[PDB]
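[1] Got an experimental structure here, sequence first:
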Amino acid sequence: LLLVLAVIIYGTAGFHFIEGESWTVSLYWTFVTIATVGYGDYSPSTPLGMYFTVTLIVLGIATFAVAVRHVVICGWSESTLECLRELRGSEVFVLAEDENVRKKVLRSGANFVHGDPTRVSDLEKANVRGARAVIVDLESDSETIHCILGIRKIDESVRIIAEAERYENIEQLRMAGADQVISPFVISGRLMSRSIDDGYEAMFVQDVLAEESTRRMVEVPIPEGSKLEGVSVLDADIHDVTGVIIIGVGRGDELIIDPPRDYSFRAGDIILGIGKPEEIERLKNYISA
Amino acid sequence: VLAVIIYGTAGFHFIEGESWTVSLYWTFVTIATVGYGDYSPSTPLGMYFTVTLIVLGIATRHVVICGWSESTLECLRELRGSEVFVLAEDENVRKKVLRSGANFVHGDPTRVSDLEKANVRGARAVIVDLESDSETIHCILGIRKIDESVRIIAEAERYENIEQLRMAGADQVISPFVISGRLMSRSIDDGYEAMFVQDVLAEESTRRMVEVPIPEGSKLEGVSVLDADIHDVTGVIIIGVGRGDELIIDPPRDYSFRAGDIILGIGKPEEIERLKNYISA
Amino acid sequence: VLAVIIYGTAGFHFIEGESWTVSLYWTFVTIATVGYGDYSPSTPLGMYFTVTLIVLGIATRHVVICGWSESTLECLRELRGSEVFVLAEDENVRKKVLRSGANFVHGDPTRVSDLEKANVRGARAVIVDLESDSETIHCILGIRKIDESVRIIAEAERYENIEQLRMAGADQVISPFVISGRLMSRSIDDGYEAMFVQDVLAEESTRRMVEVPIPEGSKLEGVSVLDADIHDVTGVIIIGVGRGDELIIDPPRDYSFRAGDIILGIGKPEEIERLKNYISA
Amino acid sequence: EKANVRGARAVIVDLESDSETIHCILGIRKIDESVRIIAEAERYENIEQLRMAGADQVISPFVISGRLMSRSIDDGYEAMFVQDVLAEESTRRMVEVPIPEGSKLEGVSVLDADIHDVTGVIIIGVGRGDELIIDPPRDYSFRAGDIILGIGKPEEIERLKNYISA
Amino acid sequence: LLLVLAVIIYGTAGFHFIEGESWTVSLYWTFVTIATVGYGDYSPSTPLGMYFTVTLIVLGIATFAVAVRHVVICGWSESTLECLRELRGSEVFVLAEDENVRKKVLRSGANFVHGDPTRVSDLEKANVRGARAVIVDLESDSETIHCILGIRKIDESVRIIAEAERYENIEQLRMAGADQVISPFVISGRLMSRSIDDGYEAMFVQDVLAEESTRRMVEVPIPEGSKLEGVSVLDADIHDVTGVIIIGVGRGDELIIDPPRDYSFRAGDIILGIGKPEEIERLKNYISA
Ligand SMILES: [Ca+2]
Ligand SMILES: [Ca+2]
Ligand SMILES: [Ca+2]
Ligand SMILES: [Ca+2]
Ligand SMILES: [Ca+2]
Ligand SMILES: [Ca+2]
Ligand SMILES: [Ca+2]
Ligand SMILES: [Ca+2]
Ligand SMILES: [Ca+2]
Ligand SMILES: [Ca+2]
Ligand SMILES: [Ca+2]
Ligand SMILES: [Ca+2]
Ligand SMILES: [Ca+2]
Ligand SMILES: [Ca+2]
Ligand SMILES: [Ca+2]
């Protein structure tokens, strides 16, 4: 305020009478003397402004040297790192409290916001409010849950997907307002048991989720006025017809796995199938208006 | 930089045949990389020197808060607008304290040299919450050894050492886990105690809780607390009246208002006036 | 700085009526605080701009060592003179490694991306001592997944996992607490074993311990180790001879020198020659 | 004391930190001030302070290790030799054989004695007291009390023992 | 070596032909362009040296901005801090390994040497070799002892005064080469016991050592050819005569406390007495040749 404003009010005053120059001449030089620019279009011609040019080079050079749509990921874990790797190409904001993490998050194609996902001021700082969804994995299930309540107190209908570390608190996470709860040690622990005899379960689950498999696992919805509305799941012979396996069909926020042969396709239904990309089309078409 | 300025004004006096006001006036424009140009190396004897003087020249009242806790953070939030100095030993804290409108003094409130460093001596009061009651107490004795009558308000962590804090010279001892612990018990059945205590203290409640003093020669001196019908008269509830460094809560109907008495009442701000006036000379 | 240079060459083209080579040539002398002076603000329209462009302008083969331990520090001390790259994860270590004549690569030898970062792929050999035998082993598998035939020499901390280190792909496993632990036992009675082992390995001893190979078509091929009287002949003691990736210590008198054989002997440097010559084609 | 350092064949010391190792040493000296003390050094920097404190023999496994590391870049044999002579499995054992008073070999030349040929036992060095000469010159003169340091089959460690007696 | 030497070999080359100037003209300007000095006595007059003055302002300004007698105390403890407070006025070098300590040591009137008193290279770094004495208090008696052996391996006769933390290792410190071993918890622990009944012992010991007491505790030596040589300690009535109390007399590297009445004052003897400073003179004189 009045630091480099006192040496600029002292350098334009001692260059007005000490070198007989205008107010636009004393000031225009003081900015070239303190900025060590020194065009030269106004040098000390009188030893009265030369002892002043030396004093406005100390109090002047010193005072001018030091007076001069998206997806929010809360937490930075291997899980949420593995997720960021699959959102490459979308606007992602990682909010976490360790600063060092910043490099990894940047290199991993997402924006870093240093903050504490349980503090709301920081949720805000990452525009939780209005984001496609918020994905939460904090170090401890309590912190994860705390962060969730924070978000709810903001966009109280934003989509919240969270990871549960203990099974014991799967529901408290949902209670706190998590929309979808993923529990990787449960999934893992089970595939472990299952993989004692033969590997295929652990093989299927891990592979459908990896891009390399030709077969991709997709949700295809049943659009209003569908060639298939009220139609039987069996009457529709979808597998044969389109090749796409129907593993289940999502009526809302539930999913019926392997629906009975007599299932009736309401529109708005979500179809969950694995199949070659060529035949995910066939199903999309054999389904339209 | 006084050896390169004594070397640059010496090799610009004989090597370029200039005055003492000419060699020095240029050396400050050569080392400062300003370079007006009103004195450039015209002789290759001052040009090999202008290169050497470009390397060796260019290269060449208030309130003190001891401790920073959530309590003392919650206090700083209510002194916004007064000169406060927070003295604590963790440096990182400095940002939060600054953003919170108070001045930071990095130091160790138990070390006196640092109490000094924050002008404990002559401050309205010193407020102490250190991490451990022993440290709190230590800090207190420190202050006493300086302004031995400054007002000292301190927070006690254990109940067990409420008096040792007062012993050490704390004037007022606040114990938030006791207050909390009790409101807990009391809030089992119904919330109102905890509600009252927390709300009177929060600004939002229209009713504010104030101390009004009985000035010398008061329309109310020697007057009965009952004879004065203060509630009815002014609306201000009288919850207690402070005769000195004690406070009588809900004084008997026959209480006699000496002047200098402190009246402790809750009431709308409009009627805190009514009480102020109905009380004056 | 490309917006202030596009703003300073634009407000010095119309505000001082100069070319594009004139507005730009001055903006680089104004922002760089050089200020030759060959283009100063002559119009107060480019003088209020020279002040604004003074603020926004002035303001605007080798060997990889995985792990850094006293062992691998004692090794770097003996490779002084070769291209060495130390890869370790503590940054502070960087000074010691640099002063010790090797290049530092900050990284985590178990992470492959960092093995890469130090060009494990194609290095004379990789030497591994990580803090824990598991990490050591992990680092080894990393390397194999890259140059799967690079030479890997690793130090084992427990004996129990000497083979797991070899299993993981360590070519040569050195176990200094075993060597030490044994010399301990052996040095109870007399010092000489511990003396021998430590001294042959230290430069100061005139006698150096060298491997001399038996070149194809050797004056000594098919020749008996005894028939060759190598000690007497050359002075060089034959302590063992390495037939491939094994070493026979104190070969029987009737050992038959195939070429490609490695001779392991101690002897004065003058007579390491004598052996080299008495051995050639 | 509680472990009878006082009068023990030798005391062997490896404490967690070289300072503690050294301290332990001085303790022992303050008791049996001539008991044999063999100690391990963690830094090289304090090899001598350990000896200073009274360690008779100082073993430094990270130096031995660190060197074999360097040496094993090119070929494994040094590291192989050192580790194997020390392990029982190798038929060849590395032994010290002393030259008893009135030895068939006293004043005899190390070369004149053709010990290798004669007995098969390699002479890697000979310990004249508390020093060891490695690969002694051909003209070494076997005083009695000398310690012979050699590798060789157990059968021929005898041959050397006998070819050496009174 | 060849970084800012390639832009100075490039700026004196493109200012020789591009502005037709000498070798002393291209170089003399390049040092004023890269140093952002800019006298102006050689500005780009040709647009061929103006596109070069812009290129020698980037590769030139960037490459010239980042390419541009005594007493040793080993250890910094409250003890050795309390000692430094009493050597104010002598050349002291504190060698310790925590850097932060540096400020306290400086403010306390001694020079700081950051190092590890057990590493010899650092003992060296503080000129242990040839210092009046070396004073050692390291954090742990083992480290203290280690540091001592280090010093011995250097000036093997320098005076070494060290503090012992345990009593158990008082002698190992002396063994390692400590000349004088001070054990403050022993001194303290004893005065504790002694101060149960009455304070005077703890009072005497602490006060004789503090300046404020008029009475100072001094060692006065018996110079060769002393008015007092062979003289009896009793025959000399030193107390009465001079007022100075004789608490003991140091025959070499031992000290006899309260010598028998029949003690015979050899010269070179050290007299240890308390007394007013006026009468420490009287004793000095009543003692000379
Ligand atoms: Ca997790
Ligand atoms: Ca299975
Ligand atoms: Ca299919
Ligand atoms: Ca507290
Ligand atoms: Ca209640
Ligand atoms: Ca009211
Ligand atoms: Ca190791
Ligand atoms: Ca032995
Ligand atoms: Ca030889
Ligand atoms: Ca050890
Ligand atoms: Ca080799
Ligand atoms: Ca043999
Ligand atoms: Ca101490
Ligand atoms: Ca007493
Ligand atoms: Ca006296």
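    Yep, that arrived. Numbers count the residues shown, from 1 in each chain, chains lettered A, B, ... in the order given. Ligands and ions are numbered 1, 2, ... in the order given.
[2] What is the burial count for residue A:123?
    Using other CB atoms under 10 Å in any protein chain shown, residue A:123 is surrounded by 25 other residues. Yep, even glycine has a C-beta here, placed from its N, CA and C like the rest.
[3] Helices along the stretch 101-250 of chain A, start to end?
    Using DSSP state H, counting those that start in this stretch, the helices of the stretch 101-250 of chain A run over A:101-107, A:120-124, A:141-152, A:170-175, A:184-194, A:200-208, A:238-242.
[4] Give me whichever of those is most buried.
    Mean neighbour count (mean count of other CB atoms under 10 Å in any protein chain shown) peaks for helix A:141-152 among those, with a mean of 21.
[5] so which of the helices of the stretch 101-250 of chain A gets nearest residue E:253?
    helix A:101-107 (63.2 Å; CB to CB).
[6] Can you get me the centre-to-centre distance for the closest one and its chain?
    12 Å (CA atoms, centre = their mean, to the nearest Å).
[7] I'd like to check what contacts it. Which residues are they?
    A:76, A:81, A:84, A:94, A:96, A:111, A:112, A:114 (CB atoms under 8 Å, 6 or more residues apart in numbering or on different chains).
[8] cool, and stretch A:13-23?
    Residues contacting stretch A:13-23 (CB under 8 Å, 6+ apart): A:12, A:25-27, A:29-30, A:42, A:44-46, A:48-49, A:52, A:55-56.
[9] Work out the gap between that stretch and the centre of the chain.
    Distance, centroid of stretch A:13-23 to centroid of chain: 57 Å (CA atoms, centre = their mean).
[10] Report the buried residues of it.
    By neighbour count with 16 or more other CB atoms under 10 Å in any protein chain shown, stretch A:13-23 contains the buried residues A:13, A:14, A:15, A:16, A:18, A:19, A:21.
[11] Kindly present the residues you listed as TSV, with separate columns for secondary structure.
    TSV is the format used below for the buried residues of stretch A:13-23 (DSSP: H, G, I helix; E, B strand; the rest coil):
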residue	secondary structure
A:13	coil
A:14	coil
A:15	coil
A:16	coil
A:18	coil
A:19	coil
A:21	coil
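[12] Save the residues you listed as a markdown table, and put in distance to residue A:215 too.
    Below are the buried residues of stretch A:13-23 laid out as a markdown table (distance: CB to CB, whole Å):
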| residue | distance to residue A:215 |
| --- | --- |
| A:13 | 81 |
| A:14 | 82 |
| A:15 | 80 |
| A:16 | 83 |
| A:18 | 86 |
| A:19 | 84 |
| A:21 | 82 |
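[13] Return the residues in contact with residue A:194.
    Going by CB under 8 Å, 6+ apart, residue A:194 touches A:201, A:202.
[14] Tell me where chain A has strands.
    A:71-74, A:92-96, A:111-114, A:133-136, A:159-163, A:180-182, A:216-221, A:245-250, A:256-257, A:270-275 (DSSP state E).
[15] out of those, deepest packed?
    strand A:71-74 (a mean of 28).
[16] And the residue of chain A closest to ligand 12?
    The nearest approach of chain A to ligand 12 comes at residue A:196, 55.8 Å away (CB to the ion).
[17] measure the residue in the stretch 151-289 of chain A positioned nearest to ligand 4 to residue A:123 for me?
    Taking CB to the ion, ligand 4 has its nearest neighbour within the stretch 151-289 of chain A at residue A:153, 27.4 Å off. According to CB to CB, to the nearest Å, residue A:153 and residue A:123 sit 9 Å apart.
[18] likewise residue A:209?
    On the measure of CB to CB, residue A:209 and residue A:123 end up 29 Å apart.
[19] Next, count neighbours for the residue of the stretch 151-289 of chain A found nearest ligand 15.
    Here the stretch 151-289 of chain A gets closest to ligand 15 at one residue, residue A:165, 78.7 Å apart by CB to the ion. Using other CB under 10 Å, the number of residues around residue A:165 comes to 21.
[20] partners of the residue nearest to residue A:272 when sequence neighbours are not counted in the sheet?
    Using CB to CB, 6 or more residues apart in numbering or on different chains and skipping the chain neighbours, the partner closest in space to residue A:272 is residue A:248 (4.9 Å). Per DSSP bridges, the residues bridged to residue A:248 are residue A:257, residue A:272.
[21] show me the residues around residue A:248 that make contact.
    By CB under 8 Å, 6+ apart, the contact list for residue A:248 reads A:255, A:256, A:257, A:258, A:259, A:272.
[22] Relative to residue A:136, how far out is the residue of the stretch 151-289 of chain A closest to ligand 15?
    Separation of residue A:165 from residue A:136 (CB to CB): 12 Å.
[23] Overlap in contacts, the two.
    Shared contacts of residue A:165 and residue A:136 (CB under 8 Å, 6+ apart): residue A:144.
[24] closest point of chain A to ligand 14, which residue?
    Counting by CB to the ion, chain A gets nearest ligand 14 through residue A:140, at 58.5 Å.
[25] was I right about that residue contacting residue A:163?
    No - using CB atoms under 8 Å, residue A:140 makes no contact with residue A:163, being 11.5 Å away.
[26] near chain E, which residues of chain A?
    Applying CB under 8 Å from any CB of the partner chain, one finds that chain A approaches chain E through A:36, A:37, A:38, A:39, A:40.
[27] wait, which of the residues you listed is closest to ligand 4?
    residue A:36 (51.5 Å).
[28] residues near the closest one, how many?
    24.
[29] same deal with residue A:83?
    20.
[30] In contact with it, which residues?
    A:73, A:135.
[31] what residues are up against residue A:148?
    So residue A:148 contacts A:136, A:160, A:162, A:173, A:176, A:177, A:178 (CB under 8 Å, 6+ apart).
[32] what's the nearest residue to it if we skip its chain neighbours?
    Per CB to CB, 6+ apart, closest to residue A:148 is residue A:176, 4.3 Å.
[33] Could you do residue A:70 as well?
    Residue A:70 sits nearest to residue A:91 (CB to CB, 6+ apart), 3.9 Å away.
[34] hang on, residue A:238 packs against residue A:283?
    Yes - under the criterion of CB under 8 Å, residue A:238 makes contact with residue A:283 at 6.8 Å.
[35] Could you tell me which residues touch both of the two?
    By CB under 8 Å, 6+ apart, residue A:238 and residue A:283 have these common neighbours: A:244, A:271, A:273.
[36] quick revisit: please verify my assumption that the residue of the stretch 151-289 of chain A closest to ligand 15 contacts residue A:185.
    Yes - at 7.1 Å, residue A:165 counts as touching residue A:185 under the criterion of CB under 8 Å.
[37] one step back: share the number of residues neighbouring the residue of chain A closest to ligand 14, please.
    So residue A:140, with other CB under 10 Å, has 10 neighbours.
[38] distance of it from ligand 15?
    Distance of residue A:140 to ligand 15, computed by CB to the ion, to the nearest Å: 72 Å.
[39] can you check residue A:55 too?
    Per CB to the ion, residue A:55 is found 63 Å from ligand 15.
[40] Find the nearest non-adjacent residue to that residue, please.
    residue A:14 (7.8 Å).
[41] And that neighbour, how far from residue A:66?
    Taken as CB to CB, the span from residue A:14 to residue A:66 is 22 Å.
[42] Return the residues in contact with the residue lying closest to residue A:88 once chain neighbours are set aside.
    Nearest residue to residue A:88 in three dimensions, chain neighbours excluded: residue A:109, at 4.9 Å (CB to CB, 6+ apart). Neighbouring residues of residue A:109 by CB under 8 Å, 6+ apart: A:84, A:87, A:88, A:89, A:92.
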